[PDB]
Each structure stands twice: as structure tokens, then as C-alpha cells.
Amino acid sequence: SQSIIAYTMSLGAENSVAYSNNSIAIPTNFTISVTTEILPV
Amino acid sequence: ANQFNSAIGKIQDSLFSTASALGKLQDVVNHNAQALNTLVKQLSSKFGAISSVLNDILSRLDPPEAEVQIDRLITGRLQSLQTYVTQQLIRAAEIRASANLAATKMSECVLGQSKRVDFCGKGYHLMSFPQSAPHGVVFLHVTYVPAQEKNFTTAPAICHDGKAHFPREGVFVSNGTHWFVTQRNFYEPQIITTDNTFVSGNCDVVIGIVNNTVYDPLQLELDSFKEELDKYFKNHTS
Amino acid sequence: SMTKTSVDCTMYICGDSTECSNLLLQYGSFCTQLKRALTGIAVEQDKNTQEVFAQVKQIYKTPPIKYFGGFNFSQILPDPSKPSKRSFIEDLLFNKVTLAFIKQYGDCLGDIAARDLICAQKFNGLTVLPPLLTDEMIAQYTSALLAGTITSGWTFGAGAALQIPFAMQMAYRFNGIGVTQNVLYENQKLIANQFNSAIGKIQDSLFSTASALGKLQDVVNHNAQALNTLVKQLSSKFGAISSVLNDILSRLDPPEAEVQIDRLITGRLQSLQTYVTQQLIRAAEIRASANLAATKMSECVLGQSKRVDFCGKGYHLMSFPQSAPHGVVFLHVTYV
Ligand SMILES: *[C@@H]1O[C@H](CO[C@@H]2O[C@@H](C)[C@@H](O)[C@@H](O)[C@@H]2O)[C@@H](O[C@@H]2O[C@H](CO)[C@@H](O)[C@H](O)[C@H]2NC(C)=O)[C@H](O)[C@H]1NC(C)=O
Ligand SMILES: *[C@@H]1O[C@H](CO[C@@H]2O[C@@H](C)[C@@H](O)[C@@H](O)[C@@H]2O)[C@@H](O[C@@H]2O[C@H](CO)[C@@H](O)[C@H](O)[C@H]2NC(C)=O)[C@H](O)[C@H]1NC(C)=O
Ligand SMILES: *[C@@H]1O[C@H](CO)[C@@H](O[C@@H]2O[C@H](CO)[C@@H](O)[C@H](O)[C@H]2NC(C)=O)[C@H](O)[C@H]1NC(C)=O
Ligand SMILES: *[C@@H]1O[C@H](CO)[C@@H](O[C@@H]2O[C@H](CO)[C@@H](O)[C@H](O)[C@H]2NC(C)=O)[C@H](O)[C@H]1NC(C)=O
Ligand SMILES: *[C@@H]1O[C@H](CO)[C@@H](O[C@@H]2O[C@H](CO)[C@@H](O)[C@H](O)[C@H]2NC(C)=O)[C@H](O)[C@H]1NC(C)=O
Ligand SMILES: *[C@@H]1O[C@H](CO)[C@@H](O[C@@H]2O[C@H](CO)[C@@H](O)[C@H](O)[C@H]2NC(C)=O)[C@H](O)[C@H]1NC(C)=O
């Protein structure tokens, strides 16, 4: 059954960057992203 | 082109379903309407007088006795007007700041390509398109997002002949056995070559330098031409 | 951001008095306007903090090995030996800047040494709302930003964090300012030593030379001064016989008490309006500062800036954030 719940905020998914000591990450492919911004004038 | 078309097609739904944005213009409209409603509803308050209607005070009292109630109403309504004007001035300052930002975004995102991070969208800004909205502007920011990364073994320099070679514009990568030089934003590997790198000093200074052959196009072309010339000579000399 | 305050209009003007409340009903929706403005200011403060700090999709973490090419980030990386994983510099900042507000002041102290300013303010309609993001959460956001910038560079600000050795990231940053990467690769130890010495001197310079770091204290002091003036205006008579509502009610009949009640009502309404107008102006100033701080986080920390003097004096290499009470601190690493 549905109910009102209280919790602590989740700031985000914890990602451990695989920082290595002579290793790099390079992208092999891309996307074109069209985002939107609204501004009162 | 297909990716841009798909994104601009999804724009027509993301602009009205995900909420988030597009509520700022509605907030402006609601704030203005609510302020006007409060100002016009402050006219039914008495502020200590016998009535909030001026005609009733003028019709039921003598001038010297009606003047007190008239002054009470004047004080209350004047205070309401100054409150409304002050809030309008503060909101106008806020809207002017927003409009200055919008003009800057039009100049730098639409009229040019911006290297300012996150100024014209999330990612590497490509371009921007303006659209008009009631009392506002909408920027469609077209940006470049690297998608499918792969991690390689990288080195700062390559040691070939007792000399350190650094990429002209790129990064040295290794897929496990061979070493290439690529561009930092898109995996396009190429053979390490004297036209791909520049020499600076010897191999005793750089931390992390590795051995790999920097192939010289001039020397190999000269050797191939000399081999062809030797074949041409042996065609008739021997 | 600044302190989120709430004012009980009826309790401030006409504390637990029904005659004064009935007389205050005749002034219209002034109390509703004041409450609406204060709620907008509080929501705006939470928004300011969110825009400045919540700029990372994920909570990035540094690897267990803390070697980054000889560069020593120990004084700015999180310290796990505390309940709040705050860095050395962040702890120093939070120690120096001391708030004057909410905690759990509902059980105010039983009058041991008079009463504090906060306890007295809380007794007449003036309360403080805690911020939505705790200092632990802000420190977590700052740590995620720092880990992302020292493990990936500017890539985590434009997509997925692509790991890169810190020496090579520094080489790219050198290329960004017009200096060849062989300059860094052949002077790597010297550059690391210079950065370590500067980051060591930062601890003394932040809290000894003063200059900056007085802005957050000024914000706190201005909020406290405004609240103190608002609570001290309750002892004014404003032309009435007594400043106490109870004395006026207990000494005069309603037809003659109402005049003094209305004098007090007018004075306290004017005080509240002045307080709220000043709060709106100060909130506009703080929002301008917060938008500037968000832009600095986006263009200095998440990437390398070519704008002159935007991210420090010299040729900008990188920047590191540190949370501070109601503010942010940017450590700008530049090339001179
Ligand atoms: C690592 O890469 C090498 C080289 O790849 C070649 O060059 C690249 C720039 C790209 O064009 C590749 O498609 C090329 O193959 C691989 O060595 C190659 O192996 C293939 C398969 O056996 C062979 O046909 C090629 O001749 C080889 N190239 C050379 C120069 O010898 C190597 O296998 C890759 N290693 C891994 C683990 O993927
Ligand atoms: C990178 O190469 C140097 C240069 O040595 C040459 O290349 C080696 C692979 C080997 O074939 C040597 O005979 C060549 O002269 C390496 O330095 C050598 O190190 C070894 C081991 O200590 C030593 O016996 C050689 O005398 C060194 N050579 C010279 C000219 O001083 C170096 O070790 C190589 N680095 C890596 C990471 O493989
Ligand atoms: C780069 O990513 C794009 C977008 O995902 C890929 O394009 C898709 O390719 C798949 C597989 O062939 C198709 O089913 C989709 O229709 C394609 N999408 C679009 C928008 O064209 C592309 O293949 C990727 N590039 C590489 C080299 O893998
Ligand atoms: C880069 O290489 C690393 C190391 O192998 C990869 O990171 C691992 O990812 C797996 C799968 O999610 C995890 O189980 C491991 O814990 C990760 N390692 C570390 C050290 O965190 C990573 O996936 C590789 N990158 C790409 C693009 O494939
Ligand atoms: C990255 O390579 C460097 C060498 O340039 C390593 O630094 C040494 O690491 C060993 C342990 O593996 C220590 O005993 C040395 O004291 C380190 N040297 C210095 C100058 O600090 C480094 O550990 C390597 N690996 C990682 C994971 O950082
Ligand atoms: C990085 O800096 C820290 C300081 O933040 C160094 O820790 C110091 O180490 C010395 C030598 O042991 C001690 O005398 C100091 O008291 C330490 N300071 C603190 C705050 O713990 C640390 O050694 C540096 N790292 C490297 C690799 O040199």
C-alpha cells in the first residue's frame, strides 16, 4: 500500500573513477545532444 | 544528421513533459498577477476607518469628522501602493539580470561557438538556436557528447633514438602491443611518425617514457626510391 | 547562500493577544505578503546552494592510492578521521567562520545566563529554518568535484569521466595556456614542488592575511544584525503609553485601549516591512554572488578558462572547490 515516507537525500550514484597510473580513457564514438534552457526576458 | 534530427524531435516532448524548466515564465506571470490581485484587494481593508468605501464616509459624516476616516484610508492605501512599487522594483532588477544573461547567451551561444564550460549546455557546445516564449527566450543548445569510451595504456613520450618524442596535437595510446597517436576527443589511431610528433631532448628526463619506433617517412621513401632505382639499373646494367 | 528565516507575523506584532489580532485583521494581507516573501527567499537560498554545488551527476571518488604525479592533494582531499569527511582546509574554514542558528533550539536553555540573542528572537515569532543540504552533503559534493577533476580532468564536466594520468592532464592544461607539454614533462618535479609549496602556504594565507573570508562573516553579521534590530523594535512604544501589549490590555478599557494597540500595530508592521524589504535586497545580492560562484565552478573547476582574471591571476591551469559556511572557496592554480 502507498504511504508517505521520509528519507535522506541521495546525492548521486557513487562512481569510483578507474584512475590508473599509466592508463587513459578515450571515446570511440559520440552523440549529438540538444538541450533546452528557458530564460525570462 | 540523424542524431541531431532525433534529438530535435525529442525536444517537442522534453520541453513539456519533464517539467523542470518552462516554469520560470509561468512563475513571472503568476507573481505579477498575484501582486496586482493583492494591490486591488487591499482596497477592501478599513485600516481603522469606519468603512473601506470612500463614498459611504463622505455620505455619512461631516467634512471635519469624515476627514479622519479619509486620512486613515489614504494612509493604508498609500502604504499598499509603496509596498507594491518596491516589490515591483526588486522583481524588475531580477528580471533585468535574467535578461542580461539571456542577451549574453544570444551573443555567445547563438552568434558564436562558446568554449565556456556549461554556459551553452552540458557538453562541448556546437551551436544554439533561439525560440521566443511569452516574456522569455528558449535556447536549444546543440552540444557534442563523447559516448563509447575505451581505456588504453598511455605514455607521455616515446623514446626512439635517445630522444624524447611528444605528440604534436594528440595522445600516445597502446591497445596492448602496438603504440599509436590519436586525437584526445575521438579514437582515431595513427602510426607514430615524425610528422605526428616533435623531438625535445633525450629520454633521461621524462617520467613514464617508453621505447617505440618513430617511423621516418623521408628515410623510408628514400630507401624505397633507391631500391626502385637499383632495380631499374639492374634491368640494363646487369 | 544566507540564513533562511521565518517570521510569525501575528506572534511578532500581537503575541498571543486576541484583541490585537482582531485589530490587525483590518490591515489586509500584509502578513501573507511578508510570509510569501520570506518563503521565496528561503527557497531561493536552497536553490543557490543546489546550483553552486550539485553540479556532478555522480559522486566521484579518488582511488585508494593517492599518488597523482607528485602533486600532494592531502590538505584538500576528504579526511576520513572525522564524522564529516571534510578536508583540512574545509575544517579550518568551518572553524573560523562561526554561526551566531536553529540546531534544536526548541528546548531553549532554562535561563542560565540571561538568554542568548537567538533564544530571545525565537520567543517572538522569529525562527530559522535549517538548510536543505547539510554541511556533510556539501562536503560530499565538493569531494566528488575534486575527485572528478584530479582523476579525469575536464572530461567529467562534459560527459563521462575519462581517466587520465595527472601529469598528462597537466600537460594538456599547459597546452591550453600556450606552453608546450615538453615544458611540463621536463620540469615535472619542479612544478609538483611549486604546487605543493603553494598549497601548503594556502593554509596560512587564507586565515592570516585576511583580505577575503570576511565576506561570509559579513553575510552572517548582517543577518544577525537585521534579526537583532527586528527583535529590539518590540520594546519601542511608537507613541503608545506602554510597549507591552499585556499592560495596555490590563490597564485600559477596549475603546481606549484600541488606540494604543493600533499604534503598536502600525509600528511593528513598519518594522516588519522594513526587515522584509532589506531581506529581499540582500537576497538579490546573495543570488548574484551565488550565480557568480556557480559560473566559477562550471568554468574554472569543470574546465580550463581562457577568460582573464576570472579564475585567478595569471594563466589559469585549474581550480579546486572547498565548502565554507554559507559559501564556497576556490583555490585557483595558475601559471606565472
Ligand atoms: C593492436 O592493434 C594492432 C594494429 O592494428 C592495426 O592498425 C590500427 C591502426 C587499425 O587500423 C587496425 O585495424 C589494424 O589492424 C593489431 O595488430 C594487427 O592485427 C591484425 C589482426 O591479426 C593484423 O591483420 C594486422 O596486420 C596487425 N597490424 C600490425 C601493424 O601488425 C593488434 O592485433 C592489436 N591488438 C589487440 C590486442 O587488439
Ligand atoms: C628503453 O630502451 C633503452 C635503450 O636500450 C635499448 O633498447 C633496449 C630495449 C635494449 O635492446 C638495449 O640493448 C638497447 O640499447 C633501455 O635501456 C637499456 O636498459 C637495459 C636494462 O637495464 C640495459 O642493459 C641497456 O644497456 C640499456 N640501454 C642503453 C642504451 O642504455 C631501457 O631499459 C628501455 N626501457 C624500457 C622501459 O623498456
Ligand atoms: C555511435 O553511436 C551511434 C548512436 O548510438 C550509433 O548509431 C547507431 O548504430 C546502431 C547499430 O548499427 C543502429 O541500430 C542505430 O540506428 C544507429 N543510430 C543512429 C542514430 O544512427 C553508431 O553506430 C555508433 N558508432 C560506432 C562506430 O559504433
Ligand atoms: C577501464 O578499465 C577498468 C579496469 O579494468 C574498468 O573498470 C572496471 O569496471 C568493472 C565493470 O564495471 C568493475 O567491476 C571494476 O571494479 C572496474 N575497475 C575499477 C578499478 O574500478 C573500466 O570498465 C574500463 N573502461 C572501459 C570504458 O571499459
Ligand atoms: C606510478 O608509477 C610511479 C613511478 O613513477 C610509482 O611511484 C612509486 O611507487 C612505489 C610503490 O609502487 C613507491 O615505493 C615509490 O616510493 C613511489 N615513488 C614516488 C616518487 O612516490 C607509483 O606508485 C606508481 N603507481 C601508482 C598506482 O600510483
Ligand atoms: C602532503 O602534505 C601533508 C600535509 O598535509 C604531509 O604530511 C606531513 O608529513 C610530515 C612528515 O611526516 C609531518 O611532519 C606533518 O605533520 C604532516 N602533516 C599533516 C597535516 O599530516 C605529507 O607528507 C605530504 N605528502 C608527501 C608525499 O610528501
# chains A, B, ... in the order shown; residues from 1 in each chain; ligands from 1
>>> residues_near_ligand(ligand="ligand 6", cutoff="8 Å", atoms="only C-alpha atoms and all ligand atoms", output="list in words")
residues 67, 70, 72, 73, 74, 75, 88, 196 and 200 of chain C
>>> residues_near_ligand(ligand="ligand 2", cutoff="9 Å", atoms="only C-alpha atoms and all ligand atoms", output="NGL selection string")
:B and (159-162 or 203 or 208-212)
>>> write_last_selection(atoms="C-alpha atoms", output="short mmCIF file (atom, residue, chain, number, x, y, z; two decimals), in the first residue's frame")
data_model
loop_
_atom_site.label_atom_id
_atom_site.label_comp_id
_atom_site.auth_asym_id
_atom_site.auth_seq_id
_atom_site.Cartn_x
_atom_site.Cartn_y
_atom_site.Cartn_z
CA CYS B 159 61.92 7.19 -26.84
CA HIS B 160 63.25 6.16 -30.25
CA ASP B 161 66.90 7.15 -30.84
CA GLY B 162 67.96 8.52 -27.49
CA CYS B 203 64.96 10.11 -22.73
CA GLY B 208 56.97 7.32 -17.90
CA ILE B 209 58.74 7.36 -21.27
CA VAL B 210 58.60 4.13 -23.29
CA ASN B 211 60.52 2.70 -26.23
CA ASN B 212 58.77 2.59 -29.60
#
>>> residues_near_ligand(ligand="ligand 1", cutoff="6 Å", atoms="only C-alpha atoms and all ligand atoms", output="ChimeraX atom specification")
/B:175-178,189-190
>>> write_last_selection(atoms="C-alpha atoms", output="mmCIF file, in the first residue's frame")
data_model
loop_
_atom_site.group_PDB
_atom_site.id
_atom_site.type_symbol
_atom_site.label_atom_id
_atom_site.label_comp_id
_atom_site.auth_asym_id
_atom_site.auth_seq_id
_atom_site.Cartn_x
_atom_site.Cartn_y
_atom_site.Cartn_z
ATOM 1 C CA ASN B 175 45.961 -1.325 -27.321
ATOM 2 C CA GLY B 176 48.304 -3.834 -25.672
ATOM 3 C CA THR B 177 51.072 -4.456 -28.204
ATOM 4 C CA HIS B 178 51.253 -1.522 -30.649
ATOM 5 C CA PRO B 189 44.676 5.889 -34.029
ATOM 6 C CA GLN B 190 47.588 6.614 -36.343
#
>>> residues_near_ligand(ligand="ligand 3", cutoff="8 Å", atoms="only C-alpha atoms and all ligand atoms", output="VMD selection string")
(chain A and resid 28 to 31) or (chain B and resid 2 to 3 6 147 to 148)
>>> residues_near_ligand(ligand="ligand 4", cutoff="9 Å", atoms="only C-alpha atoms and all ligand atoms", output="mmCIF file with C-alpha atoms, in the first residue's frame")
data_model
loop_
_atom_site.group_PDB
_atom_site.id
_atom_site.type_symbol
_atom_site.label_atom_id
_atom_site.label_comp_id
_atom_site.auth_asym_id
_atom_site.auth_seq_id
_atom_site.Cartn_x
_atom_site.Cartn_y
_atom_site.Cartn_z
ATOM 1 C CA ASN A 15 31.320 6.093 -9.103
ATOM 2 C CA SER A 16 34.967 5.274 -8.412
ATOM 3 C CA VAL A 17 36.940 6.635 -11.360
ATOM 4 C CA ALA A 18 39.353 3.950 -12.550
ATOM 5 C CA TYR A 19 42.294 6.312 -12.262
ATOM 6 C CA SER A 20 45.346 4.303 -13.211
ATOM 7 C CA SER A 23 46.303 4.416 -18.359
ATOM 8 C CA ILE A 24 43.896 6.699 -20.242
ATOM 9 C CA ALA A 25 40.290 6.513 -21.443
ATOM 10 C CA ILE A 26 39.431 7.780 -24.928
ATOM 11 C CA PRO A 27 35.951 7.897 -26.516
ATOM 12 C CA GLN B 148 31.666 4.997 -26.087
ATOM 13 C CA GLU B 149 34.997 5.210 -24.284
ATOM 14 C CA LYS B 150 37.721 2.570 -24.172
ATOM 15 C CA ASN B 151 40.784 2.695 -21.960
ATOM 16 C CA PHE B 152 44.273 2.126 -23.364
ATOM 17 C CA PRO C 63 41.468 5.696 -5.976
ATOM 18 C CA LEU C 162 37.577 9.599 -18.727
ATOM 19 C CA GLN C 163 40.548 8.794 -16.509
#
>>> decode(residues="region 13-33 of chain A", atoms="N, CA, C and O atoms", output="compact mmCIF listing (two decimals), in the first residue's frame")
# COMPACT_ATOMS: atom_id res chain seq x y z
N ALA A 13 24.84 8.47 -7.66
CA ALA A 13 25.42 7.14 -7.66
C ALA A 13 26.92 7.24 -7.49
O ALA A 13 27.59 7.98 -8.22
N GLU A 14 27.46 6.50 -6.52
CA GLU A 14 28.88 6.58 -6.22
C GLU A 14 29.68 5.86 -7.30
O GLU A 14 29.55 4.65 -7.47
N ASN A 15 30.50 6.62 -8.02
CA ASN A 15 31.32 6.09 -9.10
C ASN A 15 32.78 6.30 -8.75
O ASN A 15 33.22 7.44 -8.55
N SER A 16 33.53 5.21 -8.66
CA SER A 16 34.97 5.27 -8.41
C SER A 16 35.68 5.33 -9.76
O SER A 16 35.71 4.33 -10.49
N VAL A 17 36.24 6.49 -10.09
CA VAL A 17 36.94 6.64 -11.36
C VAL A 17 38.14 5.71 -11.37
O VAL A 17 38.95 5.70 -10.43
N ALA A 18 38.27 4.92 -12.43
CA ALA A 18 39.35 3.95 -12.55
C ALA A 18 40.65 4.67 -12.93
O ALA A 18 41.27 4.40 -13.96
N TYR A 19 41.05 5.60 -12.07
CA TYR A 19 42.29 6.31 -12.26
C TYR A 19 43.45 5.35 -12.12
O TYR A 19 43.69 4.80 -11.04
N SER A 20 44.17 5.14 -13.21
CA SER A 20 45.35 4.30 -13.21
C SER A 20 46.56 5.19 -13.42
O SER A 20 46.48 6.42 -13.48
N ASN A 21 47.71 4.54 -13.51
CA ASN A 21 48.94 5.24 -13.24
C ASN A 21 49.76 5.44 -14.50
O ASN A 21 50.67 6.26 -14.51
N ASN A 22 49.46 4.67 -15.57
CA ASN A 22 49.83 4.96 -16.95
C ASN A 22 48.70 4.59 -17.92
O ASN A 22 48.95 4.08 -19.01
N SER A 23 47.44 4.84 -17.55
CA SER A 23 46.30 4.42 -18.36
C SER A 23 45.35 5.57 -18.61
O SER A 23 45.12 6.40 -17.72
N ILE A 24 44.78 5.62 -19.82
CA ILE A 24 43.90 6.70 -20.24
C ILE A 24 42.62 6.10 -20.82
O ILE A 24 42.59 4.94 -21.24
N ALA A 25 41.55 6.89 -20.82
CA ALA A 25 40.29 6.51 -21.44
C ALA A 25 39.97 7.48 -22.57
O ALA A 25 39.97 8.70 -22.37
N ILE A 26 39.71 6.95 -23.76
CA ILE A 26 39.43 7.78 -24.93
C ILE A 26 38.10 7.35 -25.53
O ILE A 26 37.85 6.15 -25.67
N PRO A 27 37.22 8.29 -25.89
CA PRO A 27 35.95 7.90 -26.52
C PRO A 27 36.13 7.53 -27.98
O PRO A 27 36.87 8.17 -28.72
N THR A 28 35.42 6.48 -28.38
CA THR A 28 35.49 5.95 -29.73
C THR A 28 34.29 6.36 -30.57
O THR A 28 34.26 6.04 -31.77
N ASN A 29 33.34 7.08 -29.99
CA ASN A 29 32.09 7.39 -30.68
C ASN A 29 31.37 8.44 -29.84
O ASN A 29 31.72 8.65 -28.67
N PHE A 30 30.36 9.07 -30.42
CA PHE A 30 29.79 10.28 -29.84
C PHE A 30 28.28 10.31 -30.02
O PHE A 30 27.69 9.48 -30.71
N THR A 31 27.66 11.30 -29.37
CA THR A 31 26.26 11.64 -29.57
C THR A 31 26.13 13.15 -29.71
O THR A 31 26.98 13.92 -29.26
N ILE A 32 25.05 13.57 -30.36
CA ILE A 32 24.69 14.98 -30.52
C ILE A 32 23.52 15.26 -29.59
O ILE A 32 22.42 14.71 -29.79
N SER A 33 23.73 16.12 -28.60
CA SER A 33 22.73 16.38 -27.57
C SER A 33 22.13 17.77 -27.75
O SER A 33 22.86 18.76 -27.78
